[PDB]
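Report on the structure given below.
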Amino acid sequence: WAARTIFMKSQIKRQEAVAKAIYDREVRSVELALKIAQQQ
Amino acid sequence: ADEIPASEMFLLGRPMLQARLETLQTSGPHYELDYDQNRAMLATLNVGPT
Amino acid sequence: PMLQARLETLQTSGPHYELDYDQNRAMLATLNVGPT
C-alpha cells in the first residue's frame, strides 16, 4: 500500500508537470498572437 | 471547409494565408501528447533515485 | 484560375512525403553519425 501510494503521488506530480508545460506554451502563444494581431 | 490538400491552398484568401503565415511563424512546431509524457519522464528520471 | 494556381503550387512544391520518411531520415542521420 505504501509503495502504491508513492507511485500514484509520482504519477500525479508528473501529470501536473505536463499540464503546466502545455498551459504555459499555450498562454505564451496566445499572448504573442495577441501582439501580432494588434499590429495588423 | 477544413482542409483541401496542398494542391489547393490559395482558395482561402490573402489576409487568410497571411495570418496563417504569421501564426505558424510565431507558434512553435506542433507536438503531440507523447512528447509531453516523454518530457515528464525525463524530468522524473533526472530528479534521481532516492 | 483555380486549376492554374493548382498547377503552379504543385510545380513549385516538392513531392508530398509522410511522417515515416522524416523518421527514416532522422534514423539514417543518427546511424551515419557513427557508434561511440
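Because the Cβ atoms are built from the backbone with ideal geometry, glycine has one as well, and the counts that use them run over all protein chains shown. Nothing in this text is a laboratory measurement; each read-out follows from the coordinates by a stated rule.
In this structure, does A:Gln11 turn out to be surrounded by 10 or more Cβ atoms within 10 Å (Cβ to Cβ), assigned to a helix (DSSP H, G or I) and of a type in the set (S, T, N, Q)? Let's see the steps before the verdict.
Values: surrounded by 10 or more Cβ atoms within 10 Å (Cβ to Cβ): yes; assigned to a helix (DSSP H, G or I): yes; of a type in the set (S, T, N, Q): yes.
Yes; evaluated as a whole, the condition is true for this residue.
Evaluate the following for B:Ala40: is it under 15 Å from A:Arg25 (Cβ atoms), within 11 Å of chain A (Cβ to nearest Cβ), of a type in the set (A, V, I, L, M, F, W, C) and assigned to a helix (DSSP H, G or I)?
yes
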* Mind listing just one residue for me: the one in the range A:23-40 that is of a type in the set (D, E, K, R) and more than 8 Å from chain B (Cβ to nearest Cβ) and, of those, farthest from the chain's Cα centre (by Cα)? => A:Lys35
* Sole exception among (1) facing chain A (nearest Cβ under 10 Å); (2) surrounded by 10 or more Cβ atoms within 10 Å (Cβ to Cβ); (3) under 28 Å from C:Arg6 (Cα atoms); (4) not β-branched (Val, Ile, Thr) for B:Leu12, by number -> (1)
* Asked: Is the range B:4-19 home to any residue that is of a type in the set (D, E, K, R) and part of a loop (DSSP other than H, G, I, E, B)?
  -> yes
